[PDB]
Structures are given as C-alpha cells and as structure tokens.
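Chemist: Following this message is one structure expressed as structure tokens.
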Amino acid sequence: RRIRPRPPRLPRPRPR
Amino acid sequence: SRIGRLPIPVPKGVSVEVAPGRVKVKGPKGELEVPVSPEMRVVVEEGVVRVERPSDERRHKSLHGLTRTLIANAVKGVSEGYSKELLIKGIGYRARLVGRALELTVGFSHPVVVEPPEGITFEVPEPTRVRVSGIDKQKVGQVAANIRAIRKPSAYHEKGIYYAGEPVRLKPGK
Amino acid sequence: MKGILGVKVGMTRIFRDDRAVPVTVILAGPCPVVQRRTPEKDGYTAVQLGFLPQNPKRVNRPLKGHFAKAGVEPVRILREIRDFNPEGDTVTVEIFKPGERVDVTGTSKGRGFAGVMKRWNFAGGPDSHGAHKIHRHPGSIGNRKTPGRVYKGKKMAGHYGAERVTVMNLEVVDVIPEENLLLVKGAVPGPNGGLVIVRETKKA
Amino acid sequence: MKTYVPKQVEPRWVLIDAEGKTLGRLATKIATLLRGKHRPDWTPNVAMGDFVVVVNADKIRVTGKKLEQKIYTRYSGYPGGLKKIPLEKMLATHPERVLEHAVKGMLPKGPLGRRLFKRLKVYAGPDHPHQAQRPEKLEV
Amino acid sequence: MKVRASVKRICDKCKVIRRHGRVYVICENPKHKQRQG
RNA sequence: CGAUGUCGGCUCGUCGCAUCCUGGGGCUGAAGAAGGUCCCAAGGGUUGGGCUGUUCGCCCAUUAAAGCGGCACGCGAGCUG
RNA sequence: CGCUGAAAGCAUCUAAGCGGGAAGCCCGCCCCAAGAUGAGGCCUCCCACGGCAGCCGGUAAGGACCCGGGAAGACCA
Ligand SMILES: [Mg+2]
Ligand SMILES: [Mg+2]
Ligand SMILES: [Mg+2]
Ligand SMILES: [Mg+2]
Ligand SMILES: [Mg+2]
Ligand SMILES: [Mg+2]
Ligand SMILES: [Mg+2]
Ligand SMILES: [Mg+2]
Ligand SMILES: [Mg+2]
Ligand SMILES: [Mg+2]
Ligand SMILES: [Mg+2]
Ligand SMILES: [Mg+2]
Ligand SMILES: [Mg+2]
Ligand SMILES: [Mg+2]
Ligand SMILES: [Mg+2]
Ligand SMILES: [Mg+2]
Ligand SMILES: [Mg+2]
Ligand SMILES: [Mg+2]
Ligand SMILES: [Mg+2]
Ligand SMILES: [Mg+2]
Ligand SMILES: [Mg+2]
Ligand SMILES: [Mg+2]
Ligand SMILES: [Mg+2]
Ligand SMILES: [Mg+2]
Ligand SMILES: [Mg+2]
Ligand SMILES: [Mg+2]
Ligand SMILES: [Mg+2]
Ligand SMILES: [Mg+2]
Ligand SMILES: [Mg+2]
Ligand SMILES: [Mg+2]
Ligand SMILES: [Mg+2]
Ligand SMILES: [Mg+2]
Ligand SMILES: [Mg+2]
Ligand SMILES: [Mg+2]
Ligand SMILES: [Mg+2]
Ligand SMILES: [Mg+2]
Ligand SMILES: [Mg+2]
Ligand SMILES: [Mg+2]
Ligand SMILES: [Mg+2]
Ligand SMILES: [Mg+2]
Ligand SMILES: [Mg+2]
Ligand SMILES: [Mg+2]
Ligand SMILES: [Mg+2]
Ligand SMILES: [Mg+2]
Ligand SMILES: [Mg+2]
Ligand SMILES: [Mg+2]
Ligand SMILES: [Mg+2]
Ligand SMILES: [Mg+2]
Ligand SMILES: [Mg+2]
Ligand SMILES: [Mg+2]
Ligand SMILES: [Mg+2]
Ligand SMILES: [Mg+2]
Ligand SMILES: [Mg+2]
Ligand SMILES: [Mg+2]
Ligand SMILES: [Mg+2]
Ligand SMILES: [Mg+2]
Ligand SMILES: [Mg+2]
Ligand SMILES: [Mg+2]
Ligand SMILES: [Mg+2]
Ligand SMILES: [Mg+2]
Ligand SMILES: [Mg+2]
Ligand SMILES: [Mg+2]
Ligand SMILES: [Mg+2]
Ligand SMILES: [Mg+2]
Ligand SMILES: [Mg+2]
Ligand SMILES: [Mg+2]
Ligand SMILES: [Mg+2]
Ligand SMILES: [Mg+2]
Ligand SMILES: [Mg+2]
Ligand SMILES: [Mg+2]
Ligand SMILES: [Mg+2]
Ligand SMILES: [Mg+2]
Ligand SMILES: [Zn+2]
C-alpha cells in the first residue's frame, strides 16, 4: 500500500 | 581421573566371550550383548575385564570410558540385576498388579495400564510404591521414566509419581 | 474385501421407526466369478466378476473362449473386485446385511461442456451496475508479467460429469435376496439403469 | 589421410557389483564405460559404448550425512508441486534409482546421451536377468 | 527456554551444553535454561 | 515517450511466514480457569453489516479467528469507472 | 522432554547407541494415469495363404463404413 497517491501517466484514451 | 582404564571385576560365575564389535555376558539372571567399537580392545583376564584404546585422540578417549561402563553394567546386570523404585503420592493415587501388568490409578477419568516389556518385572509391595526390575540397565531406566511420565510431580503439591529418592521441590501458590 | 456389480434402479423413501429414510434401490446379484487373479499369475489378488446375461450371438470369439474356461454363461459386463476371494463361483446380495456400511462407485451424469459457474461454482459477474457481457465469466485467470503464464490445474470451463465418482460410507437399510435387491441409504452416482459397483466401506 | 571411423562394432556387456562402492565414484566410471571412452576407436557421434548391468545397487554407499541430507527433487508443473525426497527414503522405496539418477546426470544431454542411459541396466539385489548376454564381470 | 544470540551463564549453577549442533545452557533454575538462535 | 493504461472495487486466485485461529511445546510474578512471553508449525481456515470513491481507519453484531505481506502497490486484449 | 553415557573419577538427551513427540511430512482415502517411447501384466481368439526385417493381391480373428438411437455429446468421441 503506497501512502502517497500516484498520478495517472496516460489520459483516458479518446477518439482523437 | 579416568574410567576406561579401571578394570571390571567379574564375579564368578559369569562369562565374557569377546567377538568382533560385540561382547557377550551370561550370568545367573540371563545374558546380554554389548555393542563395542572395533577400535577398542576388550581383554579377558582372570576374574577381570579390561578395555584399552588405540591412541589418545578425543574420540578414542571418549569411546574408552563408555565401553568399560557399558560392559560393566552388563556384568552387574546378569548377576546382581537392576531395579528402580517409584513412590506414588497424592490422595486418590494407588497401584495394583493386574495379572503381570501394572495398573495405575492417578486421577484421570480412567485407570492406566502399563504392560511389562520383555525382560521387565513389575512389583507392587504397597499401594503407593512400585518396583521395576530387570537385567538391562538402559531398559529399566526407560521403563521407570515411562511410568513416571504418566503423572509427573505437581509443581505445587506433593502429588503424582516420583522416583524413590526424588527430592520434593514445590513452588508457592498465592 | 467384498464387492458386487449392480444397476441403479431408482429412489424412494421407506419408513423405519417413525423415520423416513431416503434410499436408492440397486439390483446387484447374481454375479458369477469368471476369472481369479493371484499373486503368482497376475501379481495381485482380485476376483473378476460378470453381470447381466448376454445374447450369445453378440459375444465375439475371443470373448467366447474366456467364458467357457470359466464354466460360465456369456455376460454383458466384466469388472473386478480387488483383494477379494469369495469361496463360491457366484456372488450374491447375501454378503451384505442391513446395518452394514458400504461404498458405491457409479458413472456420474454428464453435463457436457459446462460453464465455470456450474462446474466450479464461480460467482460470475454482477448482473447490473454496468456488468458487460461477463455475467457468467470467470474473471482474471492470472497476474501480469510474473509469472506471465497460467498454472496447470486452473479451473476453467470444459466437460463435466460422465466420469467415475465414488460416494462412501452409505448405510445398508435392507436386502431382499428374493429379488437380488439392495437398499442403500442415500444417493448414488449416475442415472437410473446405470452400472454401479458396491463394496464394503473403507471407513471405520 | 583422414581419421579412422569405425564400422558398427559389437558392444560388450559388462557386470558390476555395486555393493559397498561410493555412489558418485562408481558413477563416473559407468558413464565413461557408457560413452565408450575406454575404446581407442571412440567416436562421439554414434552409440558405441558398452552395456552395463549393475547389481547390488541397494547396498551402494555414500559419505558424510548425505543419508539424511541429500534431497532428490521433483516438480510437477502445478502450483506447489515440488516434492522433496531424502536419500534414505529413495533407497527404501526405489533403491535402483539412486544409481540411475547419478549416472544420468553425468551423461551428455541430447538424443545420443539419452540412448546411452538406456544401455545401462541397474538392479538392486544380487541378481539380474541378463544371462543371455553372458556379461563380462568387471572390477572398478 | 530463552532463545537468543547471546547465551551466557546466568548464575554459578548454569552449565553450557552443546547438543546436536546447538549451543544450549542448562541449570537447576528453570528460568536460566537457554538455547542459541 | 513510432504509448510499459494509470487509485479503489468485482472476479479468479497463487505464493512468503516475521502465525490471527486451530495443532505441538519451554518459561511464567503458571493454584484452577483464563492470560503474558518466546519456540515449532503455512495443512486448512480467517464472517455479515453502517460511514466514506476510498485502500486504510472507525463503529454495530458476531467469531476458534476476524493475520500481515509479495505476485507491473497480481489481475481493465477479464468486468466496473 | 527423556533412557543409558563417555570425553571430563562428578555432571551431561550424544560424542556410540535407544525412547517419547505436532492440524505439519511419508503412507493410507477419492480421481486421473503405460506417449511410464522405461510404451508393463493377465485371459482369450486368429494363423503358419498366394505372386513377385520388402512390395503387391485375396482373406482369418476381428474392425470400420451406413443406419435406429442414447440422462453420451459443440463436431469428434
Ligand atoms: Mg573370567
Ligand atoms: Mg596391552
Ligand atoms: Mg494466582
Ligand atoms: Mg461404472
Ligand atoms: Mg459460468
Ligand atoms: Mg458443481
Ligand atoms: Mg451453484
Ligand atoms: Mg457473486
Ligand atoms: Mg455489483
Ligand atoms: Mg449472481
Ligand atoms: Mg458500459
Ligand atoms: Mg459498451
Ligand atoms: Mg447484459
Ligand atoms: Mg494489469
Ligand atoms: Mg491485462
Ligand atoms: Mg516466466
Ligand atoms: Mg466426457
Ligand atoms: Mg427395515
Ligand atoms: Mg436417474
Ligand atoms: Mg576404467
Ligand atoms: Mg567431438
Ligand atoms: Mg522399485
Ligand atoms: Mg548432464
Ligand atoms: Mg550442452
Ligand atoms: Mg557468573
Ligand atoms: Mg543440572
Ligand atoms: Mg513513455
Ligand atoms: Mg507500434
Ligand atoms: Mg513498438
Ligand atoms: Mg502503439
Ligand atoms: Mg502496445
Ligand atoms: Mg517461524
Ligand atoms: Mg495453544
Ligand atoms: Mg493454565
Ligand atoms: Mg489463580
Ligand atoms: Mg505458552
Ligand atoms: Mg523459547
Ligand atoms: Mg524453545
Ligand atoms: Mg497454514
Ligand atoms: Mg499452500
Ligand atoms: Mg494464508
Ligand atoms: Mg448501504
Ligand atoms: Mg460500505
Ligand atoms: Mg471503508
Ligand atoms: Mg454511500
Ligand atoms: Mg480514511
Ligand atoms: Mg483465545
Ligand atoms: Mg471485518
Ligand atoms: Mg493475497
Ligand atoms: Mg502488493
Ligand atoms: Mg496494479
Ligand atoms: Mg490493475
Ligand atoms: Mg476497459
Ligand atoms: Mg482498473
Ligand atoms: Mg492491453
Ligand atoms: Mg495486455
Ligand atoms: Mg471478466
Ligand atoms: Mg469517472
Ligand atoms: Mg534430568
Ligand atoms: Mg544419567
Ligand atoms: Mg568440570
Ligand atoms: Mg548419536
Ligand atoms: Mg525416535
Ligand atoms: Mg530423537
Ligand atoms: Mg518419556
Ligand atoms: Mg483433523
Ligand atoms: Mg482406472
Ligand atoms: Mg501400452
Ligand atoms: Mg491404463
Ligand atoms: Mg521419464
Ligand atoms: Mg500393453
Ligand atoms: Mg446422435
Ligand atoms: Zn543458573
């Protein structure tokens, strides 16, 4: 259990 | 300061036949064989057994003292014989001889039955004292232990199964 | 170690001391021994047992030779009971008495390609709240790169049933020698009309 | 002049009494005998070693405390399926395998090394069934 | 029984035994019994 | 970086043992019952619910016990979002 | 936790030897399994047919094809 929240590193993918 | 060198007096009439890594001892009460390291030498003299060691390294020094005593306990075994007594302490606690077998009543829901193994005879003189008798030293001690374990000395009371000559050491409660 | 071949016939309940007992009827006797296995000749001890009469037309030649050496009429199935030597040439229901405790082997009902939920009792997926075409799916089957493979033995869909199952320690409720009937308490593997094997239990 | 290549020669059967010998020390020699490296026309790419009958495998000997400490090991491919069998027990349940496993590991791996392992016949007890080949009793 | 890496005699009645590859300490005083580990 | 999808949950587990329970023990400031403390032991087991996205935690009611960790903080070509 | 017991005249569960001792380990229970190529065993049937460790033709014991089906089953089995 890592106590510091870890940032997402990829966006939720979109149709773009 | 040395056991293995001390000669073993052999009472007549018992016999000591030496053999490769064993020795045989017969007497009025029976026979026994003593397993002996091929490195030690057992010597039959007049009314006497001696053991000698090949050198003064530790192991030979250690097998020496053992081999004499081992043989000596065999000698005394078939002539004088061995025995150990057990005193039974505690109120409800008693003993009796059931056939040839040993009946122990020491406060379980049930009585205890101990069978005599081969070469062992149980004696019940009083309700509170029992004797294990036989020609083997290592075997008599094992059995007595086995009987004692059935109900070992309470740490807080004079109650259970004791060796004859076992000091009563108890701790305080409260 | 006694045993017998039989057929599963059907279940009911009888009454014994104001108690209803579910039972299964098995038609067991009679079974002629048609070979005996010995430590000399075969390496172990058994009795080959035969069961149910056969139209001798349908029994080929290698088989005809086998029966004749036994002094025995052609039979539909052969099965062995191991470590067993009845003195007779024929075994019947008389070897079990009511109260005796038995084991029975049968061939289980076949459920064919079974899903994971029926076979292994998995929990499936949720049924609403967004559950998406996975309502009866198994879920994860592994980890990631370590170990990066699937274990042998992992429970998955596949055929289920139609396999050898033994149910043990059943109470023998009654025996009816006049009909070769054996009444065991409880449930026996397989469908009615199915083949079974009844042994003395290995339970104490 | 090109190096000699033998034509296929008749393999000698050989008998060894394993009793009292040291496990690994017997092993290297059986392996050598199996390769056929005791033969001057040795060729690495053909099976031309000897056949080896071994008797009294159960009475093989080993030094130190390996009786209780040599563990033979087997993995089934299923989770938790690594079984451990101490040397003592292997002698007591399939004694001939102690020698076999020792020899197997000393032969080359590959198709040829596997056929040479076949050419080895190991028995516990004083006897074998190979009279028909009248094996020559070697000392080692 | 005490289990620890430093096994020493506690009283003058303690005895240092080596038994089956292990260093033990025995004594008539039941507390003082030790083994190394 | 011509892409190694990212918390938590669900699902399915498997492993470590520095063991929560159940088994075997030594010491006890162990009378008994019940605890304390260390040793052996990974076979199996280790509940339901309120709050919150939560993991965690707190609480309710039970329990033999409501163990702690690893597997890309296991598991999104398995689902949720 | 012992019995017997030296080294080390005593003591020591140990250096020789022998006991007791876990839901754990090995076996025992249920299921699979000789592709176990190390391819096992038993019972029983067939037969030494023709032409030229081989090929070809017709058969033996037997098997498959086809068909009526089946608490067996996706097809297959
Ligand atoms: Mg004399
Ligand atoms: Mg002299
Ligand atoms: Mg108190
Ligand atoms: Mg069947
Ligand atoms: Mg399903
Ligand atoms: Mg199911
Ligand atoms: Mg269900
Ligand atoms: Mg569910
Ligand atoms: Mg849901
Ligand atoms: Mg559901
Ligand atoms: Mg959706
Ligand atoms: Mg969608
Ligand atoms: Mg849907
Ligand atoms: Mg992932
Ligand atoms: Mg993935
Ligand atoms: Mg891998
Ligand atoms: Mg099937
Ligand atoms: Mg009735
Ligand atoms: Mg039915
Ligand atoms: Mg040589
Ligand atoms: Mg080369
Ligand atoms: Mg074998
Ligand atoms: Mg190799
Ligand atoms: Mg290589
Ligand atoms: Mg001091
Ligand atoms: Mg002391
Ligand atoms: Mg990148
Ligand atoms: Mg690309
Ligand atoms: Mg790429
Ligand atoms: Mg890409
Ligand atoms: Mg990619
Ligand atoms: Mg531990
Ligand atoms: Mg406890
Ligand atoms: Mg208490
Ligand atoms: Mg109190
Ligand atoms: Mg305690
Ligand atoms: Mg401790
Ligand atoms: Mg301890
Ligand atoms: Mg466990
Ligand atoms: Mg496990
Ligand atoms: Mg666990
Ligand atoms: Mg709610
Ligand atoms: Mg909630
Ligand atoms: Mg919460
Ligand atoms: Mg809410
Ligand atoms: Mg919180
Ligand atoms: Mg408790
Ligand atoms: Mg909880
Ligand atoms: Mg886990
Ligand atoms: Mg983790
Ligand atoms: Mg993750
Ligand atoms: Mg994930
Ligand atoms: Mg997705
Ligand atoms: Mg996710
Ligand atoms: Mg992907
Ligand atoms: Mg992927
Ligand atoms: Mg899924
Ligand atoms: Mg969202
Ligand atoms: Mg003592
Ligand atoms: Mg003593
Ligand atoms: Mg001294
Ligand atoms: Mg010893
Ligand atoms: Mg023992
Ligand atoms: Mg022991
Ligand atoms: Mg004892
Ligand atoms: Mg149990
Ligand atoms: Mg089978
Ligand atoms: Mg086969
Ligand atoms: Mg088979
Ligand atoms: Mg193999
Ligand atoms: Mg075969
Ligand atoms: Mg059909
Ligand atoms: Zn002390």
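We label chains A, B, ... in the order they appear in the structure tokens, count residues from 1 in each chain, and number ligands from 1 in the order shown.
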Got a sec to check which residues lie within 10 Å of ligand 13, using only C-alpha atoms (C1' of nucleotides) and all ligand atoms, and send them as a PDB file with C-alpha atoms, in the first residue's frame?

Modeler:
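That gives us selection-v9.pdb:
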```pdb
ATOM      1  CA  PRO C 126     -22.622  -8.739 -11.252  1.00  0.00           C
ATOM      2  CA  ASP C 127     -25.966  -8.622 -13.013  1.00  0.00           C
ATOM      3  CA  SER C 128     -26.375  -4.878 -13.332  1.00  0.00           C
ATOM      4  CA  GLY C 130     -22.572  -1.864 -15.590  1.00  0.00           C
ATOM      5  CA  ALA C 131     -21.656  -5.557 -15.848  1.00  0.00           C
ATOM      6  CA  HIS C 132     -20.791  -6.044 -19.512  1.00  0.00           C
ATOM      7  CA  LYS C 133     -21.264  -9.447 -21.255  1.00  0.00           C
ATOM      8  CA  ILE C 134     -19.359 -11.065 -18.373  1.00  0.00           C
ATOM      9  CA  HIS C 135     -22.265 -12.155 -16.143  1.00  0.00           C
TER      10      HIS C 135
END
```

Chemist: Counting only C-alpha atoms (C1' of nucleotides), which residues of chain F come no farther than 8 Å from chain C, as a PyMOL selection string?

Modeler: chain F and resi 10-13+71-72+74-75+78-80

Chemist: Residues at most 10 Å from region 11-16 of chain A, counting only C-alpha atoms (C1' of nucleotides), excluding those fewer than 2 positions away in the same chain, as a PyMOL selection string?

Modeler: (chain A and resi 8-9) or (chain F and resi 5-6)

Chemist: In Å to one decimal, how far is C1' of residue 22 (chain F) from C1' of residue 36 (chain F)?

Modeler: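 Taking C1' of residue 36 (chain F) as the start and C1' of residue 22 (chain F) as the end point, the length is 20.2 Å.
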
Chemist: Find the spatial neighbours of residue 14 (chain E), counting only C-alpha atoms (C1' of nucleotides), within a cut-off of 6 Å - ignore same-chain residues fewer than 3 positions away - and output them as a list in words.

Modeler: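 Residues near the query, excluding close chain neighbours: residues 9, 11, 26 and 27 of chain E.
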
Chemist: Would you please extract all helix (DSSP H, G or I) residues from chain D, as assigned by DSSP on the backbone, and give them as a ChimeraX atom specification?

Modeler: /D:23-35,66-69,87-93,96-104,111-118,131-133

Chemist: With a distance threshold of 12 Å and counting only C-alpha atoms (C1' of nucleotides), extract the residues of chain G near chain D and express them as a PDB file with C-alpha atoms (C1' of nucleotides), in the first residue's frame.

Modeler:
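Contents of part-v6.pdb, freshly written:
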```pdb
ATOM      1  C1'   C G  25       5.900 -34.513   6.322  1.00  0.00           C
ATOM      2  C1'   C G  26       5.518 -40.050   4.001  1.00  0.00           C
ATOM      3  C1'   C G  27       1.714 -43.646   3.500  1.00  0.00           C
ATOM      4  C1'   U G  37       8.872 -44.353 -26.154  1.00  0.00           C
ATOM      5  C1'   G G  38      11.448 -47.374 -19.215  1.00  0.00           C
TER       6        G G  38
END
```

Chemist: Should the cut-off be 8 Å, what would the residue list for chain B against chain F look like, counting only C-alpha atoms (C1' of nucleotides), as a PDB file with C-alpha atoms, in the first residue's frame?

Modeler:
```
ATOM      1  CA  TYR B 156       2.529 -27.054  43.559  1.00  0.00           C
ATOM      2  CA  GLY B 173       0.796 -20.652  45.129  1.00  0.00           C
ATOM      3  CA  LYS B 174      -0.680 -17.293  46.177  1.00  0.00           C
TER       4      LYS B 174
END
```

Chemist: May I ask for the distance between CA of residue 107 (chain D) and CA of residue 36 (chain D), given in Å to one decimal place?

Modeler: 11.5 Å

Chemist: Counting only C-alpha atoms (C1' of nucleotides), collect the residues of chain B whose closest atom lies at most 6 Å from chain G, and write them out as a PyMOL selection string.

Modeler: chain B and resi 1-2+61-62+65-66+138+141-142

Chemist: Can you tell me which residues come within 12 Å of ligand 71 when counting only C-alpha atoms (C1' of nucleotides) and all ligand atoms, ideally as a VMD selection string?

Modeler: chain G and resid 34 36 39 to 42

Chemist: For residue 119 (chain D), list every protein, DNA or RNA residue within 9 Å, evaluated using only C-alpha atoms (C1' of nucleotides), and leave out those in the same chain fewer than 5 positions away; present the list as an MDAnalysis selection string.

Modeler: chainID D and resid 34 49:53

Chemist: For chain F, list the residues within 10 Å of chain E, counting only C-alpha atoms (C1' of nucleotides), and write the list as an MDAnalysis selection string.

Modeler: chainID F and resid 26:28 37:39

Chemist: Keeping N, CA and C atoms (P, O5', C5', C4', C3', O3' and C1' of nucleotides) for every residue in the selection just given, could you write it to a file as a PDB file, in the first residue's frame?

Modeler:
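Result file follows (part-v4.pdb):
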```pdb
ATOM      1  P     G F  26       6.285 -28.360  27.838  1.00  0.00           P
ATOM      2  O5'   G F  26       7.442 -27.276  27.950  1.00  0.00           O
ATOM      3  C5'   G F  26       8.803 -27.654  27.888  1.00  0.00           C
ATOM      4  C4'   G F  26       9.687 -26.440  27.883  1.00  0.00           C
ATOM      5  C3'   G F  26       9.488 -25.496  29.050  1.00  0.00           C
ATOM      6  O3'   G F  26      10.150 -25.922  30.219  1.00  0.00           O
ATOM      7  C1'   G F  26       9.566 -24.250  27.054  1.00  0.00           C
ATOM      8  P     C F  27       9.559 -25.543  31.663  1.00  0.00           P
ATOM      9  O5'   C F  27       9.656 -23.953  31.741  1.00  0.00           O
ATOM     10  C5'   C F  27      10.907 -23.319  31.940  1.00  0.00           C
ATOM     11  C4'   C F  27      10.791 -21.819  31.853  1.00  0.00           C
ATOM     12  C3'   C F  27       9.890 -21.139  32.868  1.00  0.00           C
ATOM     13  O3'   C F  27      10.460 -21.026  34.159  1.00  0.00           O
ATOM     14  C1'   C F  27       9.434 -20.262  30.742  1.00  0.00           C
ATOM     15  P     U F  28       9.568 -21.334  35.459  1.00  0.00           P
ATOM     16  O5'   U F  28       8.510 -20.144  35.495  1.00  0.00           O
ATOM     17  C5'   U F  28       8.934 -18.793  35.552  1.00  0.00           C
ATOM     18  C4'   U F  28       7.795 -17.845  35.272  1.00  0.00           C
ATOM     19  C3'   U F  28       6.615 -17.900  36.223  1.00  0.00           C
ATOM     20  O3'   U F  28       6.864 -17.215  37.432  1.00  0.00           O
ATOM     21  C1'   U F  28       5.844 -17.746  33.984  1.00  0.00           C
ATOM     22  P     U F  37       2.302 -10.910  25.088  1.00  0.00           P
ATOM     23  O5'   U F  37       3.734 -11.589  25.180  1.00  0.00           O
ATOM     24  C5'   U F  37       4.775 -10.996  25.936  1.00  0.00           C
ATOM     25  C4'   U F  37       5.901 -11.973  26.136  1.00  0.00           C
ATOM     26  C3'   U F  37       6.320 -12.755  24.905  1.00  0.00           C
ATOM     27  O3'   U F  37       7.132 -12.017  24.012  1.00  0.00           O
ATOM     28  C1'   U F  37       6.129 -14.226  26.741  1.00  0.00           C
ATOM     29  P     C F  38       7.075 -12.332  22.437  1.00  0.00           P
ATOM     30  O5'   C F  38       7.932 -13.656  22.275  1.00  0.00           O
ATOM     31  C5'   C F  38       9.341 -13.589  22.182  1.00  0.00           C
ATOM     32  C4'   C F  38       9.967 -14.924  22.469  1.00  0.00           C
ATOM     33  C3'   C F  38       9.865 -15.967  21.368  1.00  0.00           C
ATOM     34  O3'   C F  38      10.813 -15.796  20.331  1.00  0.00           O
ATOM     35  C1'   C F  38       9.277 -16.945  23.418  1.00  0.00           C
ATOM     36  P     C F  39      10.518 -16.384  18.867  1.00  0.00           P
ATOM     37  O5'   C F  39      10.546 -17.970  19.046  1.00  0.00           O
ATOM     38  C5'   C F  39      11.769 -18.654  19.297  1.00  0.00           C
ATOM     39  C4'   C F  39      11.580 -20.141  19.492  1.00  0.00           C
ATOM     40  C3'   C F  39      10.984 -20.926  18.341  1.00  0.00           C
ATOM     41  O3'   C F  39      11.903 -21.202  17.302  1.00  0.00           O
ATOM     42  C1'   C F  39       9.991 -21.613  20.362  1.00  0.00           C
TER      43        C F  39
END
```

Chemist: Please identify every residue of chain F that has at least one atom no more than 10 Å from any atom of chain A, counting only C-alpha atoms (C1' of nucleotides), and report them as a VMD selection string.

Modeler: chain F and resid 3 5 to 7 55 to 56 69 73

Chemist: Next, dump the selected residues to file, keeping only N, CA and C atoms (P, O5', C5', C4', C3', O3' and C1' of nucleotides), as a PDB file, in the first residue's frame.

Modeler:
```
ATOM      1  P     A F   3       5.327   2.578 -30.258  1.00  0.00           P
ATOM      2  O5'   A F   3       5.629   3.460 -28.972  1.00  0.00           O
ATOM      3  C5'   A F   3       4.620   4.276 -28.398  1.00  0.00           C
ATOM      4  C4'   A F   3       4.431   3.951 -26.941  1.00  0.00           C
ATOM      5  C3'   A F   3       3.670   2.669 -26.651  1.00  0.00           C
ATOM      6  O3'   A F   3       4.102   2.134 -25.403  1.00  0.00           O
ATOM      7  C1'   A F   3       2.404   4.535 -25.896  1.00  0.00           C
ATOM      8  P     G F   5       0.811   0.606 -22.643  1.00  0.00           P
ATOM      9  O5'   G F   5       0.305   1.302 -21.322  1.00  0.00           O
ATOM     10  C5'   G F   5      -0.420   0.571 -20.364  1.00  0.00           C
ATOM     11  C4'   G F   5      -1.213   1.537 -19.549  1.00  0.00           C
ATOM     12  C3'   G F   5      -1.789   1.045 -18.239  1.00  0.00           C
ATOM     13  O3'   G F   5      -0.825   1.021 -17.198  1.00  0.00           O
ATOM     14  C1'   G F   5      -3.444   2.225 -19.438  1.00  0.00           C
ATOM     15  P     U F   6      -0.998   0.047 -15.932  1.00  0.00           P
ATOM     16  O5'   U F   6      -2.089   0.811 -15.063  1.00  0.00           O
ATOM     17  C5'   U F   6      -1.833   1.189 -13.731  1.00  0.00           C
ATOM     18  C4'   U F   6      -2.076   2.660 -13.517  1.00  0.00           C
ATOM     19  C3'   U F   6      -3.315   3.039 -12.730  1.00  0.00           C
ATOM     20  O3'   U F   6      -3.145   2.830 -11.345  1.00  0.00           O
ATOM     21  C1'   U F   6      -2.927   4.575 -14.523  1.00  0.00           C
ATOM     22  P     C F   7      -3.665   1.493 -10.632  1.00  0.00           P
ATOM     23  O5'   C F   7      -4.292   2.037  -9.286  1.00  0.00           O
ATOM     24  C5'   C F   7      -3.484   2.751  -8.365  1.00  0.00           C
ATOM     25  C4'   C F   7      -4.332   3.434  -7.335  1.00  0.00           C
ATOM     26  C3'   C F   7      -5.378   2.551  -6.685  1.00  0.00           C
ATOM     27  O3'   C F   7      -4.820   1.817  -5.611  1.00  0.00           O
ATOM     28  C1'   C F   7      -6.402   4.535  -7.431  1.00  0.00           C
ATOM     29  P     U F  55     -12.344   0.598   0.881  1.00  0.00           P
ATOM     30  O5'   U F  55     -10.750   0.449   0.928  1.00  0.00           O
ATOM     31  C5'   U F  55     -10.086  -0.611   0.255  1.00  0.00           C
ATOM     32  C4'   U F  55      -8.589  -0.414   0.212  1.00  0.00           C
ATOM     33  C3'   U F  55      -7.832  -0.488   1.529  1.00  0.00           C
ATOM     34  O3'   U F  55      -7.591  -1.815   1.954  1.00  0.00           O
ATOM     35  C1'   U F  55      -7.067   1.360   0.276  1.00  0.00           C
ATOM     36  P     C F  56      -8.228  -2.352   3.327  1.00  0.00           P
ATOM     37  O5'   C F  56      -7.750  -1.302   4.424  1.00  0.00           O
ATOM     38  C5'   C F  56      -6.384  -1.239   4.785  1.00  0.00           C
ATOM     39  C4'   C F  56      -6.005   0.091   5.382  1.00  0.00           C
ATOM     40  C3'   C F  56      -6.537   0.405   6.763  1.00  0.00           C
ATOM     41  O3'   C F  56      -5.857  -0.290   7.788  1.00  0.00           O
ATOM     42  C1'   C F  56      -6.771   2.302   5.395  1.00  0.00           C
ATOM     43  P     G F  69      -0.255  -5.050   5.606  1.00  0.00           P
ATOM     44  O5'   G F  69       1.080  -5.694   5.025  1.00  0.00           O
ATOM     45  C5'   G F  69       1.258  -5.829   3.627  1.00  0.00           C
ATOM     46  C4'   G F  69       2.398  -6.756   3.315  1.00  0.00           C
ATOM     47  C3'   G F  69       2.573  -7.129   1.858  1.00  0.00           C
ATOM     48  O3'   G F  69       3.219  -6.128   1.098  1.00  0.00           O
ATOM     49  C1'   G F  69       2.660  -9.073   3.159  1.00  0.00           C
ATOM     50  P     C F  73       1.489  -2.638  -9.897  1.00  0.00           P
ATOM     51  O5'   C F  73       2.021  -2.181  -8.471  1.00  0.00           O
ATOM     52  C5'   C F  73       2.582  -3.126  -7.571  1.00  0.00           C
ATOM     53  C4'   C F  73       1.986  -2.992  -6.193  1.00  0.00           C
ATOM     54  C3'   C F  73       0.483  -3.179  -6.090  1.00  0.00           C
ATOM     55  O3'   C F  73       0.120  -4.543  -5.962  1.00  0.00           O
ATOM     56  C1'   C F  73       1.139  -1.231  -4.911  1.00  0.00           C
TER      57        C F  73
END
```

Chemist: Near residue 83 (chain C), within 7 Å and counting only C-alpha atoms (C1' of nucleotides), which residues show up once chain neighbours fewer than 5 positions away are dropped, as a count of residues only?

Modeler: 3

Chemist: Do you know which residues are within 12 Å of ligand 48 using only C-alpha atoms (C1' of nucleotides) and all ligand atoms? Can you write them as an MDAnalysis selection string?

Modeler: chainID F and resid 46:49 57:63 65:66

Chemist: Tell me which of C:195, C:72, C:162, C:95 sits closest to chain G, counting only C-alpha atoms (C1' of nucleotides).

Modeler: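 Closest to chain G, using only C-alpha atoms (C1' of nucleotides): C:162.
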